[PDB]
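> This one is an experimental structure. Sequence first:
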Amino acid sequence: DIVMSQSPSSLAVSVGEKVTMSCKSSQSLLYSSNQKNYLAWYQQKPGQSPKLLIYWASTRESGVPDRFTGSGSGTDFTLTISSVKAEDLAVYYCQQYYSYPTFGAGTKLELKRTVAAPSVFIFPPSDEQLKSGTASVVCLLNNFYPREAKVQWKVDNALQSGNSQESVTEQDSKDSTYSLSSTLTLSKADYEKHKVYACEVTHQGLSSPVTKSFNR
Amino acid sequence: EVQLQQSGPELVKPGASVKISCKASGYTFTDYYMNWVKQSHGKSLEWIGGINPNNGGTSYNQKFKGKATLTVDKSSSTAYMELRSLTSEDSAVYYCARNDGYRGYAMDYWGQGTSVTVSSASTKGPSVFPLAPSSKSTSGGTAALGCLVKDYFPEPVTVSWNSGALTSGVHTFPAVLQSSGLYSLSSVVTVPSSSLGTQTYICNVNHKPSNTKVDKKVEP
């Protein structure tokens, strides 16, 4: 029954900066016979299984770059990254194995970059779909930063509400941006009751809201 | 070279059981214990228990002993985990994780996860629809196209383009949950309005729990 507590729960950083997360353990993790610390660091990039960075608290697993250094003894530890790459975005877990394995909450590593403005697109409902009674129109906000981005669908200059669902990707591992898919779905019979189908976009990398639209 | 391969997506009915597998390949399976770690969505890791091949000796997480049973089969270098009296709390991702017993539970090689969903519902294949590359779908001479993957249950599907030949600028979004209770995602890709004339774009959707397979074409 050991409690692993990592602070901070999350942080941001520019490529090149230095990162330092810690991991207090409620119980001392040091073995008098070993003088080895029973703590490991794992990394987990979006959509992937946890990959081992460091064991014995200090020792790198092979193939793990010199930028990650393990530090700490007894109850207090710290993972360090010397020159944050844009690819290091992940959730870092400390685990103890001084007894039955327990994890920390994780520390989410976000990357910091400049305002990028989003590229707006828009998609008609396909034939094969409309030919099934349904009608989904789609808005694609490609490659912006930060993650806040408002997206109002409008139909014939009538603001909708309750008929669309947004989805945000995780940060790109090269450009550090985001993509955002905004699907508007209604009945084919509601589809062919109007003409104007637009997608009004607010953001920070935009000065004036960007509308993209099309006609049935 | 050291590969850990687990089963596929499981759709199981509340109260049933499930056994997911893990064939380990690339090392001598018998001088390495083998762990299983739960991962609920947007939540951290949870060790379940771990077993050595040499006698099938176990040790369990003190809250999983009553849900999880670990069975080994060195003769096939496969480990097993079974989950019983299933509820929705056991809907998550479970990884196979290898460790050395002689040193402790540092798991250097992990599986690839198997999404487990516990629903009263039957699987339902998705309706692969294409996303139309138009001229309002353009900015700077480059066009964005895709495939909508609508109305599937349960998570997850796997989207890839040109059978993997194409990884550049692809965006396969997290699935959203509709009013109807069926997932729906997109997996766009931005591309030059040049290739459109003379280049083909095929989404390779695979929703495995329903054995569904589609390679729909995305044209202007």
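Done, it's in. Numbering: from 1, shown residues only, chains lettered A, B, ... in the order given.
> contacts, neighbours, all on C-alpha from now
Will do.
> what kind of secondary structure is residue B:63 in?
Under the three-state scheme (DSSP: H, G, I helix; E, B strand; the rest coil), residue B:63 adopts coil.
> Tell me how far whichever residue of chain A sits closest to chain B lies from residue A:198.
Nearest residue of chain A to chain B: residue A:121, at 4.5 Å (Cα to the nearest Cα). Separation of residue A:121 from residue A:198 (Cα to Cα, to the nearest Å) stands at 10 Å.
> Between these two, which contacts overlap?
Counting by Cα atoms under 8 Å, 6 or more residues apart in numbering or on different chains, the contacts common to residue A:121 and residue A:198 are residue A:212.
> mind listing what the one residue in chain B that gets nearest to chain A touches?
As assessed by Cα to the nearest Cα, chain A sits closest to residue B:137 within chain B, at 4.5 Å. Taking Cα under 8 Å, 6+ apart, we find residue B:137 in contact with A:120, A:121, A:122, A:123, B:143, B:144, B:145.
> could you redo these as a markdown table and give each row neighbour count?
Below are the contacts of residue B:137 laid out as a markdown table (neighbours: other Cα atoms under 10 Å in any protein chain shown):
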| residue | neighbour count |
| --- | --- |
| A:120 | 23 |
| A:121 | 26 |
| A:122 | 28 |
| A:123 | 25 |
| B:143 | 23 |
| B:144 | 28 |
| B:145 | 26 |
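> which among those gets closest to residue B:196?
Set against residue B:196, the nearest of these by Cα to Cα is residue B:143 (8.5 Å).
> With just CA atoms, put stretch B:67-84 into CSV.
Output of stretch B:67-84 as CSV, limited to C-alpha atoms (Å, rounded to 0.1, in the frame of the first residue of the first chain):
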residue,chain,number,x,y,z
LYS,B,67,-12.2,-10.2,-11.1
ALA,B,68,-8.9,-11.3,-12.7
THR,B,69,-7.3,-14.8,-13.1
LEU,B,70,-3.9,-15.3,-14.8
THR,B,71,-3.1,-18.5,-16.7
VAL,B,72,0.2,-19.3,-18.4
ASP,B,73,1.1,-21.6,-21.2
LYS,B,74,4.9,-21.5,-21.6
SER,B,75,4.6,-24.3,-24.2
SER,B,76,3.1,-21.7,-26.5
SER,B,77,4.8,-18.8,-24.8
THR,B,78,1.4,-17.3,-24.2
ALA,B,79,0.0,-15.7,-21.1
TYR,B,80,-3.8,-15.3,-20.3
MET,B,81,-6.0,-13.1,-18.3
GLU,B,82,-9.6,-13.8,-17.5
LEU,B,83,-12.1,-11.3,-16.2
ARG,B,84,-15.4,-12.6,-14.7
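> Near chain A, which residues of chain B? Just list them.
By Cα under 8 Å from any Cα of the partner chain, the residues of chain B that approach chain A are B:44-47, B:61, B:95, B:104-113, B:129-134, B:136-139, B:144, B:171-176, B:178, B:186.
> now residue B:196, what's its secondary structure?
Of the three states, residue B:196 takes helix under three-state DSSP.
> Please flag which of the contacts of residue B:137 sit within strands.
A:120, A:121, A:122, A:123, B:143, B:144, B:145 (DSSP state E).
> If we only consider these, which is nearest to residue B:5?
residue B:145 (33.0 Å).
> Give me the nearest residue to that closest one, chain neighbours excluded.
Counting by Cα to Cα, 6 or more residues apart in numbering or on different chains, residue B:145 lies nearest to residue B:133, which is 4.8 Å off, once chain neighbours are set aside.
> Can you give me the neighbour number for that neighbour?
24 (other Cα atoms under 10 Å in any protein chain shown).
> same question, residue A:40
If we define neighbours as other Cα under 10 Å, then residue A:40 has 26 of them.
> Over to it. Which of the three states is it?
Residue A:40 ends up strand, using three-state DSSP.
> Tell me the buried residues in stretch B:99-108?
For stretch B:99-108, a neighbour-count test (16 or more other Cα atoms under 10 Å in any protein chain shown) marks B:99, B:104, B:105, B:106, B:107, B:108 as buried.
> possible to save those residues as JSON lines with secondary structure?
As requested, those are exported to JSON lines (three-state DSSP):
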{"residue": "B:99", "secondary structure": "strand"}
{"residue": "B:104", "secondary structure": "strand"}
{"residue": "B:105", "secondary structure": "strand"}
{"residue": "B:106", "secondary structure": "strand"}
{"residue": "B:107", "secondary structure": "strand"}
{"residue": "B:108", "secondary structure": "strand"}
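> and the residues you listed, which two are the farthest apart?
Maximum distance among those (Cα to Cα): 11.0 Å, for B:104 and B:108.
> Domains of chain B: list them as residue ranges, please.
Structurally, chain B divides into domains by curated CATH domains as follows: B:1-120, B:121-220.
> Report the beta-bridge partners for the residue nearest to residue A:122 when sequence neighbours are not counted.
Spatial nearest neighbour of residue A:122, chain neighbours left out: residue A:139 (4.6 Å); criterion: Cα to Cα, 6+ apart. Partner residues in beta bridges with residue A:139, using DSSP bridges, are residue A:122, residue A:182.
> can you tell me which residues contact residue A:139?
A:120, A:121, A:122, A:123, A:181, A:182, A:183, A:199.
> Kindly report the same for residue B:215.
Contacts of residue B:215 (Cα under 8 Å, 6+ apart): B:202, B:203, B:204, B:205.
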